[PDB]
file work30.cif (mmCIF, C-alpha atoms and all ligand atoms)
data_upload
loop_
_atom_site.label_atom_id
_atom_site.label_comp_id
_atom_site.auth_asym_id
_atom_site.auth_seq_id
_atom_site.Cartn_x
_atom_site.Cartn_y
_atom_site.Cartn_z
CA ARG A 19 24.01 -18.37 0.39
CA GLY A 20 23.51 -14.59 0.26
CA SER A 21 23.33 -14.39 -3.53
CA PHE A 22 20.32 -15.86 -5.36
CA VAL A 23 20.74 -14.29 -8.79
CA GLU A 24 18.39 -16.79 -10.46
CA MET A 25 15.52 -15.60 -8.24
CA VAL A 26 16.19 -11.83 -8.50
CA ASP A 27 13.45 -9.96 -10.39
CA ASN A 28 11.10 -12.98 -10.38
CA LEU A 29 8.14 -10.84 -9.33
CA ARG A 30 5.98 -9.07 -11.88
CA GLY A 31 2.70 -7.18 -11.63
CA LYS A 32 0.48 -4.20 -12.35
CA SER A 33 -0.17 -1.19 -10.16
CA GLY A 34 -3.18 -2.03 -7.99
CA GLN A 35 -3.24 -5.72 -8.90
CA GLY A 36 -0.42 -7.21 -6.84
CA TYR A 37 2.77 -9.18 -7.33
CA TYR A 38 2.96 -12.53 -9.05
CA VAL A 39 5.58 -15.22 -9.45
CA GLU A 40 5.58 -17.84 -12.19
CA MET A 41 4.77 -21.37 -11.05
CA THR A 42 4.23 -24.76 -12.63
CA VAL A 43 1.67 -27.29 -11.52
CA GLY A 44 1.13 -30.90 -12.68
CA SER A 45 2.94 -33.36 -14.99
CA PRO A 46 3.80 -32.38 -17.62
CA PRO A 47 4.23 -28.88 -16.07
CA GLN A 48 1.48 -26.27 -16.65
CA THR A 49 2.77 -22.71 -16.23
CA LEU A 50 0.68 -20.22 -14.17
CA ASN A 51 1.09 -16.74 -12.73
CA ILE A 52 0.44 -16.79 -9.02
CA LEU A 53 -0.24 -13.87 -6.69
CA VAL A 54 2.14 -13.73 -3.72
CA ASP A 55 0.09 -13.45 -0.56
CA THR A 56 1.53 -13.41 2.95
CA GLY A 57 -2.01 -12.76 4.23
CA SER A 58 -3.47 -16.22 3.56
CA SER A 59 -2.41 -19.88 3.62
CA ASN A 60 -4.08 -21.63 0.67
CA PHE A 61 -2.56 -22.43 -2.65
CA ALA A 62 -5.59 -21.93 -4.90
CA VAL A 63 -5.73 -21.71 -8.71
CA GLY A 64 -8.19 -21.15 -11.53
CA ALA A 65 -9.26 -24.54 -12.90
CA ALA A 66 -12.14 -23.50 -15.16
CA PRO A 67 -12.35 -21.02 -18.08
CA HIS A 68 -13.48 -17.94 -16.22
CA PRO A 69 -13.33 -15.42 -19.10
CA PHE A 70 -10.94 -13.07 -17.21
CA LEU A 71 -8.28 -15.81 -17.00
CA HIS A 72 -5.38 -16.10 -19.38
CA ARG A 73 -5.03 -19.76 -18.45
CA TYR A 74 -6.08 -22.37 -15.90
CA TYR A 75 -5.19 -25.59 -14.15
CA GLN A 76 -6.29 -28.54 -16.26
CA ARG A 77 -6.27 -31.60 -14.03
CA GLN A 78 -7.26 -34.03 -16.80
CA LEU A 79 -3.85 -33.37 -18.40
CA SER A 80 -1.81 -33.95 -15.26
CA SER A 81 -0.58 -37.50 -14.77
CA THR A 82 0.51 -36.74 -11.19
CA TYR A 83 -2.83 -35.31 -10.00
CA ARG A 84 -4.42 -36.86 -6.90
CA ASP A 85 -7.93 -36.13 -5.67
CA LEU A 86 -8.63 -35.48 -2.00
CA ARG A 87 -12.42 -35.74 -2.59
CA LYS A 88 -12.95 -32.70 -0.43
CA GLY A 89 -14.24 -29.27 -1.38
CA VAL A 90 -13.97 -25.85 0.21
CA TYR A 91 -15.94 -22.62 0.16
CA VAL A 92 -13.82 -19.57 0.97
CA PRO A 93 -15.62 -16.26 1.54
CA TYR A 94 -14.03 -12.88 2.09
CA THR A 95 -15.59 -9.55 2.96
CA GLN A 96 -16.24 -9.25 -0.84
CA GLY A 97 -16.32 -11.86 -2.23
CA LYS A 98 -15.38 -15.54 -2.64
CA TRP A 99 -13.91 -18.64 -4.25
CA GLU A 100 -14.95 -22.29 -4.07
CA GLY A 101 -12.56 -25.12 -4.89
CA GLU A 102 -11.88 -28.82 -5.22
CA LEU A 103 -8.99 -30.01 -3.11
CA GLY A 104 -6.19 -32.22 -4.36
CA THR A 105 -2.46 -32.64 -4.70
CA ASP A 106 -0.03 -32.36 -7.56
CA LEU A 107 3.59 -31.56 -8.38
CA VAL A 108 4.53 -27.90 -8.08
CA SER A 109 7.75 -26.08 -8.85
CA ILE A 110 8.91 -22.46 -9.11
CA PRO A 111 10.95 -22.01 -12.32
CA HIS A 112 12.73 -18.89 -11.01
CA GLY A 113 13.04 -20.27 -7.50
CA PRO A 114 14.76 -23.26 -5.94
CA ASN A 115 15.65 -26.11 -8.31
CA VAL A 116 13.09 -28.48 -6.74
CA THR A 117 9.70 -30.14 -7.22
CA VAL A 118 7.15 -30.57 -4.43
CA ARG A 119 3.87 -32.41 -3.91
CA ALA A 120 1.61 -29.72 -2.47
CA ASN A 121 -2.06 -29.17 -1.72
CA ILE A 122 -3.93 -27.35 -4.48
CA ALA A 123 -7.42 -25.97 -4.41
CA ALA A 124 -8.80 -26.05 -7.92
CA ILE A 125 -11.14 -23.06 -8.13
CA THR A 126 -14.40 -24.02 -9.83
CA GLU A 127 -16.50 -20.98 -8.86
CA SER A 128 -15.80 -17.42 -7.70
CA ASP A 129 -17.05 -13.85 -7.30
CA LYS A 130 -14.87 -10.75 -7.26
CA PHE A 131 -11.83 -12.96 -6.85
CA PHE A 132 -10.18 -12.83 -10.27
CA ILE A 133 -9.48 -9.29 -11.49
CA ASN A 134 -10.46 -8.23 -15.02
CA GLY A 135 -7.29 -7.23 -16.86
CA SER A 136 -5.02 -8.99 -14.37
CA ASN A 137 -2.29 -11.33 -15.58
CA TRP A 138 -2.42 -13.82 -12.69
CA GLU A 139 -4.66 -16.87 -12.34
CA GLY A 140 -3.92 -18.10 -8.83
CA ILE A 141 -2.81 -17.21 -5.32
CA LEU A 142 0.01 -18.48 -3.11
CA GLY A 143 -0.94 -18.21 0.53
CA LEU A 144 2.37 -18.08 2.39
CA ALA A 145 1.02 -17.69 5.93
CA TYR A 146 0.58 -20.49 8.45
CA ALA A 147 -1.68 -23.54 8.72
CA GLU A 148 -3.77 -22.07 11.55
CA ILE A 149 -5.59 -19.93 8.96
CA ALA A 150 -5.69 -22.59 6.20
CA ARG A 151 -9.11 -23.41 4.76
CA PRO A 152 -10.97 -25.52 5.57
CA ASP A 153 -8.78 -26.25 8.65
CA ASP A 154 -5.15 -26.55 9.85
CA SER A 155 -4.78 -30.12 8.58
CA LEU A 156 -4.43 -28.74 5.03
CA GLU A 157 -0.67 -28.11 4.87
CA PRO A 158 0.31 -24.84 3.09
CA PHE A 159 2.76 -24.86 0.17
CA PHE A 160 5.74 -23.41 1.98
CA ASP A 161 5.42 -25.96 4.79
CA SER A 162 5.39 -28.76 2.15
CA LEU A 163 8.38 -27.24 0.31
CA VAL A 164 10.52 -27.10 3.49
CA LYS A 165 9.47 -30.57 4.67
CA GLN A 166 10.20 -32.31 1.34
CA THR A 167 13.38 -30.49 0.38
CA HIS A 168 16.46 -28.88 1.87
CA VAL A 169 15.20 -25.33 1.16
CA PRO A 170 15.78 -23.39 4.43
CA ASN A 171 12.67 -22.25 6.31
CA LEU A 172 12.81 -18.60 5.27
CA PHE A 173 11.76 -16.43 2.34
CA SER A 174 12.16 -12.73 1.60
CA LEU A 175 10.23 -10.15 -0.39
CA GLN A 176 11.44 -7.07 -2.24
CA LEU A 177 8.30 -5.45 -3.60
CA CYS A 178 9.50 -2.60 -5.84
CA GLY A 179 6.81 -1.45 -8.27
CA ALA A 180 6.93 1.55 -10.63
CA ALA A 191 1.79 0.49 -15.59
CA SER A 192 3.81 -2.54 -14.46
CA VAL A 193 5.53 -3.31 -11.14
CA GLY A 194 8.47 -5.59 -10.25
CA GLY A 195 10.24 -7.34 -7.39
CA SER A 196 12.04 -10.39 -6.02
CA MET A 197 10.82 -13.26 -3.88
CA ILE A 198 13.86 -15.10 -2.53
CA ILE A 199 12.85 -18.58 -1.47
CA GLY A 200 15.09 -20.20 1.16
CA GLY A 201 17.29 -17.18 1.81
CA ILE A 202 18.30 -13.54 1.74
CA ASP A 203 20.00 -11.58 -1.05
CA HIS A 204 22.09 -8.71 0.35
CA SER A 205 22.18 -6.69 -2.85
CA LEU A 206 18.43 -6.07 -2.39
CA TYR A 207 18.85 -3.91 0.73
CA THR A 208 21.12 -1.24 2.18
CA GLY A 209 22.19 -0.88 5.80
CA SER A 210 21.06 -3.39 8.37
CA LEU A 211 18.22 -5.82 8.75
CA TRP A 212 16.17 -5.29 11.91
CA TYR A 213 14.02 -8.07 13.29
CA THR A 214 10.63 -7.98 14.98
CA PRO A 215 9.11 -11.11 16.58
CA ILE A 216 6.36 -13.06 14.85
CA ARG A 217 3.93 -12.94 17.76
CA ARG A 218 1.97 -15.98 16.68
CA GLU A 219 2.18 -18.32 13.72
CA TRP A 220 -1.15 -17.82 11.94
CA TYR A 221 -0.93 -14.59 9.98
CA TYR A 222 2.48 -12.98 10.12
CA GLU A 223 1.51 -11.11 13.26
CA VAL A 224 3.71 -8.35 14.65
CA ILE A 225 3.42 -5.70 17.37
CA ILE A 226 3.59 -1.97 16.67
CA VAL A 227 4.74 -0.25 19.85
CA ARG A 228 4.81 3.41 18.72
CA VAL A 229 3.68 5.60 15.82
CA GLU A 230 4.99 8.97 14.67
CA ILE A 231 3.90 11.37 11.97
CA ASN A 232 6.83 13.58 10.91
CA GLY A 233 8.52 12.63 14.19
CA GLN A 234 5.49 13.62 16.28
CA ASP A 235 4.17 10.83 18.49
CA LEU A 236 0.47 9.98 18.55
CA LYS A 237 0.44 9.37 22.29
CA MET A 238 -2.15 6.65 21.82
CA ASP A 239 -2.22 3.55 23.99
CA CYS A 240 0.00 1.32 21.82
CA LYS A 241 -2.60 -1.41 22.43
CA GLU A 242 -4.84 0.54 20.05
CA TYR A 243 -2.22 0.14 17.27
CA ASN A 244 -2.61 -3.64 17.41
CA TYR A 245 -6.38 -3.94 17.83
CA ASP A 246 -7.09 -6.68 17.34
CA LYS A 247 -4.13 -7.68 15.21
CA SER A 248 -1.19 -6.23 13.30
CA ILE A 249 -0.07 -8.20 10.26
CA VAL A 250 2.35 -8.06 7.34
CA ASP A 251 0.50 -8.60 4.10
CA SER A 252 1.75 -8.58 0.50
CA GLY A 253 -1.85 -9.31 -0.53
CA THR A 254 -3.17 -5.87 0.39
CA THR A 255 -2.29 -2.51 -1.15
CA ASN A 256 -3.08 -0.23 1.77
CA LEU A 257 -1.59 0.56 5.10
CA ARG A 258 -4.78 -0.29 6.93
CA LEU A 259 -5.25 1.10 10.44
CA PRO A 260 -7.85 0.65 13.18
CA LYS A 261 -10.38 3.49 12.92
CA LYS A 262 -9.15 5.15 16.12
CA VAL A 263 -5.55 5.10 14.96
CA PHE A 264 -6.72 6.12 11.49
CA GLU A 265 -8.50 9.15 12.97
CA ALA A 266 -5.48 10.26 15.00
CA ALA A 267 -3.20 9.54 12.02
CA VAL A 268 -5.23 11.52 9.45
CA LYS A 269 -5.76 14.38 11.94
CA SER A 270 -1.98 14.58 12.30
CA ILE A 271 -1.34 14.13 8.55
CA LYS A 272 -3.92 16.90 7.99
CA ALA A 273 -2.07 19.20 10.43
CA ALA A 274 1.31 18.40 8.86
CA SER A 275 -0.32 19.09 5.50
CA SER A 276 -2.44 22.17 6.10
CA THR A 277 -0.89 24.55 3.52
CA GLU A 278 -3.01 22.68 0.98
CA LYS A 279 -6.70 22.07 1.57
CA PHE A 280 -8.11 18.73 0.46
CA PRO A 281 -11.72 17.49 0.37
CA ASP A 282 -12.71 15.24 3.29
CA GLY A 283 -13.55 12.49 0.78
CA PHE A 284 -9.90 12.20 -0.28
CA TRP A 285 -8.75 11.24 3.22
CA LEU A 286 -11.54 8.68 3.27
CA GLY A 287 -10.59 7.13 -0.10
CA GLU A 288 -13.84 8.35 -1.68
CA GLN A 289 -12.20 10.66 -4.21
CA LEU A 290 -8.84 10.98 -5.93
CA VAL A 291 -6.74 14.15 -5.92
CA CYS A 292 -5.01 15.30 -9.10
CA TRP A 293 -2.05 17.45 -10.09
CA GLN A 294 -0.35 17.68 -13.54
CA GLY A 296 4.75 15.98 -12.18
CA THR A 297 3.77 18.87 -9.89
CA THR A 298 2.99 16.79 -6.77
CA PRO A 299 3.82 18.64 -3.52
CA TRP A 300 5.36 15.49 -1.98
CA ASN A 301 7.08 17.71 0.61
CA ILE A 302 3.85 18.99 2.19
CA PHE A 303 3.18 15.36 3.11
CA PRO A 304 4.69 13.93 6.32
CA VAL A 305 6.68 10.75 6.68
CA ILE A 306 5.11 7.93 8.69
CA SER A 307 7.03 5.97 11.32
CA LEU A 308 6.07 2.72 12.98
CA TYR A 309 8.15 1.41 15.85
CA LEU A 310 8.08 -2.36 15.96
CA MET A 311 8.85 -4.61 18.91
CA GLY A 312 12.51 -5.56 18.74
CA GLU A 313 14.35 -8.81 19.49
CA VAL A 314 15.45 -7.62 22.97
CA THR A 315 13.53 -6.68 26.14
CA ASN A 316 12.75 -2.93 26.10
CA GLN A 317 14.37 -2.62 22.66
CA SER A 318 12.49 -1.48 19.52
CA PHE A 319 13.20 -0.16 16.00
CA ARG A 320 11.78 2.31 13.49
CA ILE A 321 10.51 2.00 9.95
CA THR A 322 9.70 5.19 8.06
CA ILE A 323 7.77 5.46 4.78
CA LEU A 324 7.46 8.35 2.37
CA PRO A 325 4.29 9.88 0.84
CA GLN A 326 5.58 8.16 -2.30
CA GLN A 327 4.41 4.93 -0.62
CA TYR A 328 1.01 5.97 0.74
CA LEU A 329 0.04 8.26 -2.17
CA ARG A 330 -0.28 5.94 -5.18
CA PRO A 331 -0.83 7.05 -8.78
CA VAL A 332 -4.16 6.00 -10.24
CA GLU A 333 -3.32 5.17 -13.84
CA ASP A 334 -6.65 4.39 -15.46
CA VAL A 335 -8.64 7.63 -15.18
CA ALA A 336 -10.32 8.27 -18.55
CA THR A 337 -12.07 11.37 -17.20
CA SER A 338 -8.82 13.18 -16.28
CA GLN A 339 -5.75 14.22 -18.30
CA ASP A 340 -3.81 14.96 -15.08
CA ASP A 341 -1.88 12.79 -12.59
CA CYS A 342 -4.37 11.55 -9.98
CA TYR A 343 -3.41 9.95 -6.66
CA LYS A 344 -5.10 7.81 -4.03
CA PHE A 345 -4.69 8.17 -0.28
CA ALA A 346 -3.77 4.58 0.50
CA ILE A 347 -4.08 4.76 4.27
CA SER A 348 -7.48 3.44 5.30
CA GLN A 349 -9.46 2.33 8.34
CA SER A 350 -9.86 -1.30 9.35
CA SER A 351 -11.89 -3.57 11.61
CA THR A 352 -9.37 -6.44 11.52
CA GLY A 353 -6.49 -4.44 13.00
CA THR A 354 -3.44 -3.03 11.22
CA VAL A 355 -2.53 -4.33 7.80
CA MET A 356 1.04 -3.59 6.78
CA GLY A 357 0.50 -3.97 3.06
CA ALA A 358 2.25 -2.93 -0.14
CA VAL A 359 2.31 0.69 1.11
CA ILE A 360 4.61 -0.49 3.92
CA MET A 361 6.48 -3.36 2.22
CA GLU A 362 7.51 -1.35 -0.87
CA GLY A 363 9.81 0.73 1.33
CA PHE A 364 11.62 -2.36 2.50
CA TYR A 365 13.36 -5.64 2.00
CA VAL A 366 11.29 -7.88 4.19
CA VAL A 367 12.63 -11.19 5.48
CA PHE A 368 10.08 -13.72 6.68
CA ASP A 369 12.39 -15.64 8.97
CA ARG A 370 10.05 -18.50 9.85
CA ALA A 371 12.83 -20.66 11.32
CA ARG A 372 13.42 -18.02 14.02
CA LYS A 373 9.84 -16.75 14.33
CA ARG A 374 10.78 -13.24 13.22
CA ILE A 375 10.39 -10.70 10.45
CA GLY A 376 13.28 -8.57 9.22
CA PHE A 377 13.20 -5.12 7.67
CA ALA A 378 15.79 -3.07 5.83
CA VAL A 379 15.73 -0.19 3.35
CA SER A 380 14.86 -1.48 -0.11
CA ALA A 381 17.57 -0.93 -2.73
CA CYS A 382 14.69 -0.20 -5.13
CA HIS A 383 12.22 1.86 -3.12
CA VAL A 384 11.07 5.13 -4.67
CA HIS A 385 12.11 8.41 -3.10
CA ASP A 386 13.34 11.91 -3.92
CA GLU A 387 16.53 13.84 -3.16
CA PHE A 388 15.30 15.00 0.30
CA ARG A 389 13.75 12.10 2.24
CA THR A 390 14.43 8.33 2.19
CA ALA A 391 12.65 5.29 3.64
CA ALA A 392 14.61 4.30 6.71
CA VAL A 393 15.12 1.51 9.19
CA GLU A 394 16.70 2.78 12.40
CA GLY A 395 17.64 1.36 15.79
CA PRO A 396 17.86 0.67 18.57
CA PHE A 397 15.36 2.54 20.73
CA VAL A 398 14.28 2.22 24.34
CA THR A 399 10.63 1.25 24.65
CA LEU A 400 9.12 -0.06 27.87
CA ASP A 401 5.90 -2.07 28.37
CA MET A 402 5.90 -3.27 24.76
CA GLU A 403 4.11 -6.46 25.89
CA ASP A 404 1.10 -4.34 26.94
CA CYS A 405 0.88 -3.27 23.25
CA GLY A 406 -0.27 -6.75 22.24
CA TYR A 407 -4.02 -7.30 22.24
CA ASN A 408 -5.50 -10.41 23.91
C1 LIG B 501 -6.80 -13.97 -0.03
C2 LIG B 501 -6.77 -12.45 0.07
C3 LIG B 501 -6.84 -11.85 -1.32
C4 LIG B 501 -5.89 -10.94 -1.76
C5 LIG B 501 -5.96 -10.37 -3.04
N1 LIG B 501 -4.97 -9.50 -3.37
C6 LIG B 501 -5.00 -8.57 -4.32
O1 LIG B 501 -5.84 -8.52 -5.21
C7 LIG B 501 -3.90 -7.54 -4.29
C8 LIG B 501 -3.96 -6.40 -5.10
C9 LIG B 501 -2.92 -5.48 -5.03
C10 LIG B 501 -1.85 -5.71 -4.16
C11 LIG B 501 -0.87 -4.88 -4.09
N2 LIG B 501 0.05 -4.17 -4.07
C12 LIG B 501 -1.84 -6.86 -3.38
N3 LIG B 501 -2.85 -7.74 -3.46
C13 LIG B 501 -6.99 -10.71 -3.92
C14 LIG B 501 -7.98 -11.62 -3.54
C15 LIG B 501 -7.94 -12.20 -2.27
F1 LIG B 501 -8.89 -13.06 -1.92
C16 LIG B 501 -8.00 -12.00 0.84
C17 LIG B 501 -8.10 -10.77 1.34
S1 LIG B 501 -6.69 -9.94 1.70
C18 LIG B 501 -5.43 -11.05 1.54
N4 LIG B 501 -4.31 -10.89 2.25
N5 LIG B 501 -5.53 -12.03 0.74
#
call {"tool": "encode", "arguments": {"input": "work30.cif", "output": "structure tokens"}}
result
Amino acid sequence: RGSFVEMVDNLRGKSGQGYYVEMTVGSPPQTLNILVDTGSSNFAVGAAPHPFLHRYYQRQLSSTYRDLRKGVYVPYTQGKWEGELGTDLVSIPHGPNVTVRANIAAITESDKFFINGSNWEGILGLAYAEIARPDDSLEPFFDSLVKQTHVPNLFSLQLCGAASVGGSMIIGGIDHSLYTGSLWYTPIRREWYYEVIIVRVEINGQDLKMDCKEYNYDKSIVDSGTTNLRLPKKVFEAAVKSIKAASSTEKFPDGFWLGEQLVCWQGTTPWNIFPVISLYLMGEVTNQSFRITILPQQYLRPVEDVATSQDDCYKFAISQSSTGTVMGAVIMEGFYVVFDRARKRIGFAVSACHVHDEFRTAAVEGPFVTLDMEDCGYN
């Protein structure tokens, strides 16, 4: 009840490949590493020997498997998985001491879904039923967990990272050792993705003076399943233009800002020429907001596997989007993030583990006065 020591440090991963938790599926239990994804709502796992997979769900061995006799084709903007739907017994060894009958999509075909060299063989969609495939009748895992057990309807994520990353996913609660200062809550605007409303943006304290509605076009979401802070092209333009201006003692190729090239130094990174980035999020109270600030340490990520270079090369991990803002790993790694489903809100605090230097720190600050925040939501 504020201390979940068993669950601390239960996230593992590799830079650029995401965070995974260990899960078991079936009877007797088959252990699998499962990507933690707040951007989708399906629990889907490798079920055939795709050569990139360390292991896979073997239904024939599970005595508790049930077939739903339904299939599902799930495409993304590059590329896809296809699966056979069913149920089985699932548990999280370094999570609550419980077993749950949940929906499972057994992946039988894919393209560009499994990553070569990755050490995970499935995905845990933790978002809501509205975006479940094939439809909202297919209950997501977390919903099933809460319904069948006494686990409270809340989880929290401390994505730390830095070739291997680490973190904690606290199921059913909050662990206070994971954050400093105070949690600040922003409303979940609708229960499909974890949608939130950005009401103001600053670069090094400087506003952007954009219609806040632009910031949330057509959506702003919190997503552990994406690396980048992804922005709508308009906001991206204004953002980069400002980041360029804040940054203009060094010249960088246009391709770097566009994610088309890496930039390398040899630990001689001029972190301090790079501005901090602040997003004000709708608060809990009318005309009240709060501020989250990330460092260049978050949006400039080291690219490990460059055979062609002996130096330290970095990627600009702020990119343009057509699905609205994606608050991904670049954002979340600054913070302890509480997905308070019970109260339709998302909490942020400074991560006890976030990476910084002796000059600037990731911050969560409040309160602020911000009028017309409702007009910031897109309809
Ligand atoms: C379901 C999915 C998805 C997400 C991912 N996630 C990742 O590979 C990934 C990689 C690095 C990081 C980080 N940090 C997070 N996620 C892979 C496949 C996939 F289909 C679709 C697009 S974006 C999203 N939220 N989830």
call {"tool": "residues_near_ligand", "arguments": {"input": "work30.cif", "ligand": "ligand LIG 501 (chain B)", "cutoff": "6 Å", "atoms": "only C-alpha atoms and all ligand atoms", "output": "compact mmCIF listing (two decimals) with C-alpha atoms, keeping the file's coordinate frame"}}
result
# COMPACT_ATOMS: atom_id res chain seq x y z
CA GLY A 34 -3.18 -2.03 -7.99
CA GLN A 35 -3.24 -5.72 -8.90
CA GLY A 36 -0.42 -7.21 -6.84
CA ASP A 55 0.09 -13.45 -0.56
CA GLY A 57 -2.01 -12.76 4.23
CA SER A 58 -3.47 -16.22 3.56
CA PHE A 131 -11.83 -12.96 -6.85
CA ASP A 251 0.50 -8.60 4.10
CA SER A 252 1.75 -8.58 0.50
CA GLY A 253 -1.85 -9.31 -0.53
CA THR A 254 -3.17 -5.87 0.39
CA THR A 255 -2.29 -2.51 -1.15
CA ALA A 358 2.25 -2.93 -0.14
call {"tool": "residues_around", "arguments": {"input": "work30.cif", "residues": "residue 341 in chain A", "least_positions_apart": "6", "cutoff": "12 Å", "atoms": "all atoms listed in the file", "output": "ChimeraX atom specification"}}
result
/A:290-294,296-298,329-335
call {"tool": "write_last_selection", "arguments": {"input": "work30.cif", "atoms": "C-alpha atoms", "output": "JSON list (two decimals), in the frame of the given file"}}
result
[["chain", "number", "residue", "atom", "x", "y", "z"],
["A", 290, "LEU", "CA", -8.84, 10.98, -5.93],
["A", 291, "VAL", "CA", -6.74, 14.15, -5.92],
["A", 292, "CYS", "CA", -5.01, 15.30, -9.10],
["A", 293, "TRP", "CA", -2.05, 17.45, -10.09],
["A", 294, "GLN", "CA", -0.35, 17.68, -13.54],
["A", 296, "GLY", "CA", 4.75, 15.98, -12.18],
["A", 297, "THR", "CA", 3.77, 18.87, -9.89],
["A", 298, "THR", "CA", 2.99, 16.79, -6.77],
["A", 329, "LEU", "CA", 0.04, 8.26, -2.17],
["A", 330, "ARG", "CA", -0.28, 5.94, -5.18],
["A", 331, "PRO", "CA", -0.83, 7.05, -8.78],
["A", 332, "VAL", "CA", -4.16, 6.00, -10.24],
["A", 333, "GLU", "CA", -3.32, 5.17, -13.84],
["A", 334, "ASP", "CA", -6.65, 4.39, -15.46],
["A", 335, "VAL", "CA", -8.64, 7.63, -15.18]]
call {"tool": "atom_distance", "arguments": {"input": "work30.cif", "atom1": "CA of residue 125 in chain A", "atom2": "CA of residue 97 in chain A"}}
result
13.7 Å
call {"tool": "closest_atom_pairs", "arguments": {"input": "work30.cif", "of": "range 266-327 of chain A", "to": "range 385-398 of chain A", "cutoff": "9 Å", "atoms": "all atoms listed in the file", "output": "CSV"}}
result
residue,atom,partner,partner_atom,distance
A:300,CA,A:386,CA,9.0
A:301,CA,A:388,CA,8.7
A:305,CA,A:389,CA,8.5
A:309,CA,A:397,CA,8.8
A:312,CA,A:396,CA,8.2
A:316,CA,A:398,CA,5.7
A:317,CA,A:398,CA,5.1
A:318,CA,A:397,CA,5.1
A:319,CA,A:395,CA,4.7
A:320,CA,A:394,CA,5.1
A:321,CA,A:393,CA,4.7
A:322,CA,A:392,CA,5.2
A:323,CA,A:391,CA,5.0
A:324,CA,A:391,CA,6.2
A:325,CA,A:385,CA,8.9
A:326,CA,A:385,CA,6.6
A:327,CA,A:385,CA,8.8
call {"tool": "residues_around", "arguments": {"input": "work30.cif", "residues": "residue 42 in chain A", "least_positions_apart": "5", "cutoff": "10 Å", "atoms": "all atoms listed in the file", "output": "ChimeraX atom specification"}}
result
/A:47-52,75,107-111,117
call {"tool": "atom_distance", "arguments": {"input": "work30.cif", "atom1": "CA of residue 143 in chain A", "atom2": "CA of residue 60 in chain A"}}
result
4.6 Å
call {"tool": "atom_distance", "arguments": {"input": "work30.cif", "atom1": "CA of residue 247 in chain A", "atom2": "CA of residue 98 in chain A"}}
result
22.5 Å
call {"tool": "decode", "arguments": {"input": "work30.cif", "residues": "range 252-285 of chain A", "atoms": "C-alpha atoms", "output": "PDB file, in the first residue's frame"}}
result
ATOM      1  CA  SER A 252       5.081   3.482 -23.530  1.00  0.00           C
ATOM      2  CA  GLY A 253       5.043   1.692 -26.897  1.00  0.00           C
ATOM      3  CA  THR A 254       6.684   4.537 -28.808  1.00  0.00           C
ATOM      4  CA  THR A 255      10.195   5.945 -28.403  1.00  0.00           C
ATOM      5  CA  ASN A 256       9.639   9.458 -29.710  1.00  0.00           C
ATOM      6  CA  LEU A 257       7.916  12.564 -28.555  1.00  0.00           C
ATOM      7  CA  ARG A 258       5.784  12.763 -31.661  1.00  0.00           C
ATOM      8  CA  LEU A 259       4.210  16.106 -32.541  1.00  0.00           C
ATOM      9  CA  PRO A 260       1.751  17.309 -35.187  1.00  0.00           C
ATOM     10  CA  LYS A 261       3.726  18.711 -38.128  1.00  0.00           C
ATOM     11  CA  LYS A 262       2.691  22.298 -37.357  1.00  0.00           C
ATOM     12  CA  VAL A 263       3.749  22.012 -33.736  1.00  0.00           C
ATOM     13  CA  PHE A 264       6.851  20.123 -34.868  1.00  0.00           C
ATOM     14  CA  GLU A 265       7.780  22.996 -37.195  1.00  0.00           C
ATOM     15  CA  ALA A 266       7.325  25.651 -34.508  1.00  0.00           C
ATOM     16  CA  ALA A 267       9.115  23.425 -31.979  1.00  0.00           C
ATOM     17  CA  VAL A 268      12.177  22.699 -34.164  1.00  0.00           C
ATOM     18  CA  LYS A 269      12.356  26.349 -35.286  1.00  0.00           C
ATOM     19  CA  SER A 270      12.522  27.335 -31.613  1.00  0.00           C
ATOM     20  CA  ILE A 271      14.931  24.500 -30.709  1.00  0.00           C
ATOM     21  CA  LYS A 272      17.068  25.643 -33.669  1.00  0.00           C
ATOM     22  CA  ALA A 273      17.062  29.238 -32.354  1.00  0.00           C
ATOM     23  CA  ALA A 274      17.886  28.106 -28.809  1.00  0.00           C
ATOM     24  CA  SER A 275      20.635  25.987 -30.331  1.00  0.00           C
ATOM     25  CA  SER A 276      22.198  28.233 -32.957  1.00  0.00           C
ATOM     26  CA  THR A 277      25.814  28.338 -31.671  1.00  0.00           C
ATOM     27  CA  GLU A 278      26.166  24.925 -33.316  1.00  0.00           C
ATOM     28  CA  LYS A 279      25.039  24.337 -36.890  1.00  0.00           C
ATOM     29  CA  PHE A 280      23.402  21.008 -37.669  1.00  0.00           C
ATOM     30  CA  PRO A 281      22.339  19.526 -41.027  1.00  0.00           C
ATOM     31  CA  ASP A 282      18.609  19.842 -41.798  1.00  0.00           C
ATOM     32  CA  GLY A 283      18.423  16.040 -42.034  1.00  0.00           C
ATOM     33  CA  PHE A 284      19.249  15.653 -38.338  1.00  0.00           C
ATOM     34  CA  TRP A 285      16.168  17.614 -37.235  1.00  0.00           C
TER      35      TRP A 285
END
